[PDB]
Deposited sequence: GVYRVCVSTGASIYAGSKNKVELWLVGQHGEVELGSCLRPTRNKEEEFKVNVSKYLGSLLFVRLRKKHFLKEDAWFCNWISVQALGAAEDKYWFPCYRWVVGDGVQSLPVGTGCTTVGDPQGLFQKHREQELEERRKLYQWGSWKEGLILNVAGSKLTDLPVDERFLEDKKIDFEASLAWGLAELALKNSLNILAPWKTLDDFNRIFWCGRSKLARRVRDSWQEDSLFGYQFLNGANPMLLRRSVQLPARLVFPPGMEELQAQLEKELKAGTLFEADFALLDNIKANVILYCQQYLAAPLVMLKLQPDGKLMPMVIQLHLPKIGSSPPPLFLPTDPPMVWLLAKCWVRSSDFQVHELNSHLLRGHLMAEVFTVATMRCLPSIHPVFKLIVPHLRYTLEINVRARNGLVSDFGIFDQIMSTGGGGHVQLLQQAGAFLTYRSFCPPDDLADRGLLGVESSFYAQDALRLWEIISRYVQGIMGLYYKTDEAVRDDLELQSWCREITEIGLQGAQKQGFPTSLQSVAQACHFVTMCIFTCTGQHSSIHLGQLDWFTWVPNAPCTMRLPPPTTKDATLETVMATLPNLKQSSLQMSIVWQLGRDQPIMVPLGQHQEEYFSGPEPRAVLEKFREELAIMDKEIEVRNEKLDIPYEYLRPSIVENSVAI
């Protein structure tokens, strides 16, 4: 029959090629040779009619060979579509979206997608098994540091598969005034103003960072809402020095009313503090007890800076009533500890490292033709590149972290190791996490609200696509590839995460959907909610000290002098700004807005379109409620929630 074959080439600087490409149309009933059909032009679609006097039937693949003359010259193929003109059948979609290197022959299956069980005739069996074999050879596990969840093999960017590298245009675009004031005073809090300020919220932070309300507000809607939780009982670490009966009563009252909250940084205990230029840096594992007030404010009640040691008197408990500098100092310690835990655990580990696990596991276990692969890939874009770059300058030995963070120098890795034990399945699912932390219902928490709504929207999207390939729980149980995928993640990538609540197999449609939703959310909502706020809360050093120069107080006689001596110096404060500012000044793909089409059918596309509709409505509604908000919570607005962990 007569077909309109169309080939799409990438837009990146090197997507084009000077080599001719041969095409073959292979259907269920025979195939044909089209020969050298074109010479790939960057950012161009090449269409041409061809008449084959043979009956192919339904097309299964499109074979291609890039014949090179003297030099090989790579080519980035987006896709190939062949439309049978005249016959009333659908346009055959052959998704590629990858680099074609070498004179080797490749086959692109039609984008309908299917599971081994969903392909009884085994038409794509040979292909998927060999694609996976090649996948496993290209995407291997590794370990940047012992004791952490696994990452992608190698240590340099060049060790990543060609398809994982930034497209040239993004690579080039992605890649002191303070030193003038190098002879400027450093005696008072106001001196911190020499930094520079960059946004509406940041300025607010600079203007009211000493506010107990703003302080406690951050536990809910700030850059790190992953720590706070409703107190079921008083923390066992919260032991009282003599004479603290009054406070203890106020605590009991709030507990009984169920408005007592806690933010415990015990994770930081026993972690090696940095030594920058032979000077000792300091860390603290504080505990903050707060009360949710009827007017909607979360206010700090007490701050304990040290964990009580068994066999010795309890450490002091700081109160809002203590001298200004004493209380202010205790808060700075909490702000500093949050910065460390935020960056290492909430951001790096829970966001970047988790995503990488899902990425590698996916590339190793799910074939391009697989439904789940098509659902997930968009959300894995550029994760390996960014993470590799992080381990080659940010968290690497002698890197940026080691240069300015109090956890840098070794402790950061200990924290990352110790933190693995807390990577529980439930903590990655808002409905579950928010419930366990008693945040469900707390109307002051825009994070919890937006997190829940966004989760539901993604859940429906996942269900909608999964529903078209798994009509029964039995269908998911029998999916060997899906099962191996689940294991590659849980048992391998996460190193026995089954003990932390992760599934070792998916036994139902509802369970598989939940798992895919968990992955998709982690790579988008989870990361965005934690990444986006950095520029707003971490640019004003006092609100997030990268390091501390004096150990935590054990008495209540701190002076402004004590506060300044503890807080980062000019150089450090400046270095903090640079790192945060540059790493946040954001090109990008909004959640659900990926252009590449992996599915062929009209239904898969309808589900995606609904997903987009809902996200748009959520975005608009958030924008609105935010206009009537004191401090707008924007970290979960789909318009800015990224489609993958790519920054």
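Residues 176-186, 209-210, 600-601 of the deposited sequence, counted from 1, carry no C-alpha coordinates in the model.
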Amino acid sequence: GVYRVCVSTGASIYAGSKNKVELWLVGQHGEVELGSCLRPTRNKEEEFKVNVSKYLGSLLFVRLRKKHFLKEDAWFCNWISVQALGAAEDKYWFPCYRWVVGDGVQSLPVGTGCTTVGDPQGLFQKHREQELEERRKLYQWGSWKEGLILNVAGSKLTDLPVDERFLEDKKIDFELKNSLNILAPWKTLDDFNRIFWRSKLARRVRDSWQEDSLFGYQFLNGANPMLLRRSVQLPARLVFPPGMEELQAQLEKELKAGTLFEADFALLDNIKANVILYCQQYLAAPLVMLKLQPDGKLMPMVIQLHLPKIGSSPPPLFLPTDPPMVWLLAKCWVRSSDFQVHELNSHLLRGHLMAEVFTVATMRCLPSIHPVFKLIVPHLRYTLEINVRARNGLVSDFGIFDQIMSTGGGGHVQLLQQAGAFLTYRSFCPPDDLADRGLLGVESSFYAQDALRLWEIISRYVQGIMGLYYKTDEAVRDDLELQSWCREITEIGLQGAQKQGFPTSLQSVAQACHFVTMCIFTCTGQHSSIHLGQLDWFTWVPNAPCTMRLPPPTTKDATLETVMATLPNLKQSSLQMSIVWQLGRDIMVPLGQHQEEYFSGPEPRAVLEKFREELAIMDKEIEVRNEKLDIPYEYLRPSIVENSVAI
From here on, numbers count along this sequence of modelled residues.
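With 352-360 and 389-397 compared on mean CA B-factor from the PDB entry, the stretch scoring higher is 389-397. The stretch 152-160 shows the higher mean C-alpha B-factor when 400-408 is compared against 152-160 in the entry.
When the Cα B-factors of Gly216, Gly104, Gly222, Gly111 are read from the PDB record, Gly104 comes out highest. Each of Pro286, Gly525, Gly296, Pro235 has a CA temperature factor in the record; the biggest one is found at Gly296. Residue-level temperature factors show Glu252 in the highest third of its chain, judged at the C-alpha atom. Annotation for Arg165: C-alpha temperature factor in the highest third relative to the rest of the modelled chain, per the entry.
Among the modelled residues of the chain, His342 sits in the lowest third by CA temperature factor in this PDB entry. Among the modelled residues of its chain, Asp264 has a C-alpha B-factor that falls in the lowest third according to the deposited record. In the PDB entry, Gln576 places in the middle third of its chain by CA B-factor.
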